[PDB]
Amino acid sequence: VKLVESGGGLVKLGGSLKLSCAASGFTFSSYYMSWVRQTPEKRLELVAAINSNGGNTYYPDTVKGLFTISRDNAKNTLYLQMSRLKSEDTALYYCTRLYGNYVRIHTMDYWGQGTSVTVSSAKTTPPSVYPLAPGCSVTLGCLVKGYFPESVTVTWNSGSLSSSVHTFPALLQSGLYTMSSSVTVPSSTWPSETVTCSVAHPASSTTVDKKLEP
Amino acid sequence: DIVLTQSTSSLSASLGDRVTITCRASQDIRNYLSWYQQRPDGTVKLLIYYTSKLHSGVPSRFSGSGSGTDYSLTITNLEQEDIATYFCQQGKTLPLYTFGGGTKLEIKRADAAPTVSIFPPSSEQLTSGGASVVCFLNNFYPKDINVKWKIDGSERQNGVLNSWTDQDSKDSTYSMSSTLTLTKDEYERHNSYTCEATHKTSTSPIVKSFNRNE
Numbered sequence: 001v002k003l004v005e006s007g008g009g010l011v012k013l014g015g016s017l018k019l020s021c022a023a024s025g026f027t028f029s030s031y032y033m034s035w036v037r038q039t040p041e042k043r044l045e046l047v048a049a050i051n052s053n054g055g056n057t058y059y060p061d062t063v064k065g066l067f068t069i070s071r072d073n074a075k076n077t078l079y080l081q082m083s084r085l086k087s088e089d090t091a092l093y094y095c096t097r098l099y100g101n102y103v104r105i106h107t108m109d110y111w112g113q114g115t116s117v118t119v120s121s122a123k124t125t126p127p128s129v130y131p132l133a134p135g136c137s138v139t140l141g142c143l144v145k146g147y148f149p150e151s152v153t154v155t156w157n158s159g160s161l162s163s164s165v166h167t168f169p170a171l172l173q174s175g176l177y178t179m180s181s182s183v184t185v186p187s188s189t190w191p192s193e194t195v196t197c198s199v200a201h202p203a204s205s206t207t208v209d210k211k212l213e214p
Numbered sequence: 215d216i217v218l219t220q221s222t223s224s225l226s227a228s229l230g231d232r233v234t235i236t237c238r239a240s241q242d243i244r245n246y247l248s249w250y251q252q253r254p255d256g257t258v259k260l261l262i263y264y265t266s267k268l269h270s271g272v273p274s275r276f277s278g279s280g281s282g283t284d285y286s287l288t289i290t291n292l293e294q295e296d297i298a299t300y301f302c303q304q305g306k307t308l309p310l311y312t313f314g315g316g317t318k319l320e321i322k323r324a325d326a327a328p329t330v331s332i333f334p335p336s337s338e339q340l341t342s343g344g345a346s347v348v349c350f351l352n353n354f355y356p357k358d359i360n361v362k363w364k365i366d367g368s369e370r371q372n373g374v375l376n377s378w379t380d381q382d383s384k385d386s387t388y389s390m391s392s393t394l395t396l397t398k399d400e401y402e403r404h405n406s407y408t409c410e411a412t413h414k415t416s417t418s419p420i421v422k423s424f425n426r427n428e
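Here the protein sequences line up with chains A and B, keeping their order.
No gaps in the numbering here: position 35 of the first sequence is 35 in our numbering, and each next residue is one more.
Each number in our numbering comes from the position in the second sequence (counting from 1) with 214 added on.
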C-alpha cells in the first residue's frame, strides 16, 4: 500500500497550486480519500474529502473558494486544487486513505508522507550575520537574520568545535527568516584565539565568514 | 465544532514502563476515536481506531480505551521507536473531524537546569538601525521552561522570538534561543537588559543581565 504526494513547493501570495497523490497497493476506486494538513504549530486539520467514485466531496471550508478535491480513478490519482493562497496555508499536506468499519468512515488508515507547501511573496534576500560576544567555560553566538528562502548553514570555525554547538531552527519574522547558533568553548583561553561562524545561503549564492568581536 | 483537548502537550517516561495519554471530547463521540503516532521524521501511522480496535502492523503494547467524551491511549512496556507525538481524532461525522493538539512523548532524563547566556547587539547590527538582544538557554530537562525579558527591570513580551531545538538525541536535553528585537534608537535609550529563566529546577528565576552604560 502506498501514497506518494507531490506538487508542493514555494508559491507567492494569491498563488495557485495543484497537489497530486499517486496511490498503489490497493483498489483506489473502492476508498474514500482525503487531504490533511499540518501547520508549523504542528496542529493537524482536515482540508477535504471525497467518496469512492468522486461525485461527493466534503469541505470544512470553503467549497471552491480555496480548496477543491478530485480524483481520477483510472489513474489512481487524487488531486487538490489550491487557489488564492495566504501565508497561513504554509503547511505540510498529506494524502490519506479513509477507512470505515461497519459503515461509518471515521478514521484514516493509511497516510502519505507529505508535501511541504510554502506560501510567501518574499524576494530571495541574503542573511545579515551578526556575531554574539557575551556581556557585560564561555558560550558564543551567531545571529543570522533577514533571509529568504530557507535555509542556511552555520559552521563554527571550520569547524574544529563540531560538538558543544547548537543550531536553533529558523522562524519567520517580518516576512523573512531568522535563526541563531551557539557554541561553548573554554574561557582559558579566548579571545587569545579567534572564533568564526561561517554562514552559507545557496539560494542567494552568499558565503559570509564572521570573526567574533568583543 | 466538536473540540478535542489533550490535557498535556508533552510527557516524560522511561524505557520499559507504562504511559497514558488522555483525550477529552467536548461532546459524546460514540466510540469513534482514533489515535495516531507521528514520528519525528514526520511519518504518521494509525494505531487505534474505534477507541480500542488496534490496526494491524502495530505492536500489542499499544492499547486504547474510553467512551462517551473521555478516552485514553496506553503504551505498555514503552520502547525506543515509540518516542513520538500522539494525536487523537474523533471521526463522528464527516467533514467535521477534529484532532487533539498532540502529546509529545520523550524519554525521561535527570532534571538539568539550563546554562544561560545573554548577548548585546553587535556593533555591526547597530549601524543597521536594528538592535537584537539574544539569550541562550542550553541543555535542560524537562522541556517546560519559561523565559521572560526585562528592559530596565520592566517586562517585555513584545517582539520576542523563542526557538527550541529538538531533544538532543545524544544527551536528551533541550536548548532554546530567545531573541528580543528593537530599533537601535530604543536600544540606546535604556540601560539594563535582562533575561530571566524560570525552570522546574530554578526554584527562583535564573537571570543573566547586562548594562550598556558599563
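Even for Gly, the Cβ is constructed at its ideal location relative to N, Cα and C.
Using 8 Å for Cβ pairs, my map puts residue i next to residue j. What's the rounded Cβ distance?
i: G7/A; j: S20/A; result: 5 Å
i: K357/B; j: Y388/B; result: 5 Å
i: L140/A; j: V185/A; result: 7 Å
i: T96/A; j: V36/A; result: 6 Å
i: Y147/A; j: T125/A; result: 6 Å
i: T265/B; j: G282/B; result: About 11 Å; that fails the 8 Å criterion.
Within the same chain, show all residues whose beta-carbon is closer than 6 Å to that of residue i, passing over the 5 residues directly before and after it, in chain order.
i: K145/A; result: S128, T178
i: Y31/A; result: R97
i: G316/B; result: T299, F301
i: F350/B; result: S331, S391
i: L396/B; result: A345
i: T118/A; result: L10, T90
i: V47/A; result: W35, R37, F67
For a cutoff of 8 Å on Cβ pairs, would you count residue i as touching chain B?
i: residue 219/A; result: With chain A covering 1 to 214 only, the question about residue 219/A has no answer from this structure.
i: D109/A; result: yes
i: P169/A; result: yes
i: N101/A; result: yes
i: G135/A; result: yes
i: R43/A; result: yes
i: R104/A; result: yes
Just verifying my parser: in three-state terms, what is the DSSP assignment at residue i?
i: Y401/B; result: helix
i: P134/A; result: coil
i: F26/A; result: coil
i: residue 223/A; result: Given a span of 1 to 214 for chain A in the structure shown, any question on residue 223/A remains unanswerable.
i: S180/A; result: strand
i: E150/A; result: coil
i: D89/A; result: helix
i: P169/A; result: strand
i: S204/A; result: helix
i: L340/B; result: helix
i: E410/B; result: strand
For a contact meaning CB atoms closer than 8 Å, what does residue i contact in chain A?
i: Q339/B; result: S128, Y130, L143
i: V348/B; result: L132, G141, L143, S180
i: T393/B; result: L143, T178, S180
i: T379/B; result: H166, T167, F168, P169
i: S336/B; result: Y130, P131, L132, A133, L143, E213
Quick one: which chain A residues come within Cβ less than 7 Å of residue i?
i: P309/B; result: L46, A49, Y58, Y59, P60
i: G343/B; result: Near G343/B there are no residues of chain A at all, since even the closest Cβ is about 12 Å away, more than 7 Å.
Leaving out five residues on either side along the sequence, give the residues of the same chain with a beta carbon under 7 Å from the beta carbon of residue i.
i: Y401/B; result: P335, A345
i: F28/A; result: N73, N76
i: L44/A; result: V36, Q38
Any Cβ of chain A within less than 8 Å of the Cβ of residue i?
i: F333/B; result: yes
i: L396/B; result: no
i: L375/B; result: yes
i: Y355/B; result: no
i: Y263/B; result: yes
Just to confirm my understanding: we take residue i, look at its own chain, exclude 5 residues before and 5 after, and list those with CB closer than 8 Å. What are they?
i: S240/B; result: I216, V217, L218, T219, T283
i: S164/A; result: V183, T184, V185
What residues of chain B sit near residue i, judged by a beta carbon separation below 9 Å?
i: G114/A; result: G256, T257, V258
i: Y94/A; result: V258
So which residues on chain B does residue i lean against when the C-beta distance must stay under 7 Å?
i: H201/A; result: Under the 7 Å cutoff, chain B gives no residues; its nearest Cβ is about 17 Å from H201/A.
Cβ closer than 9 Å: which chain A residues qualify as neighbours of residue i?
i: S389/B; result: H166, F168, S182
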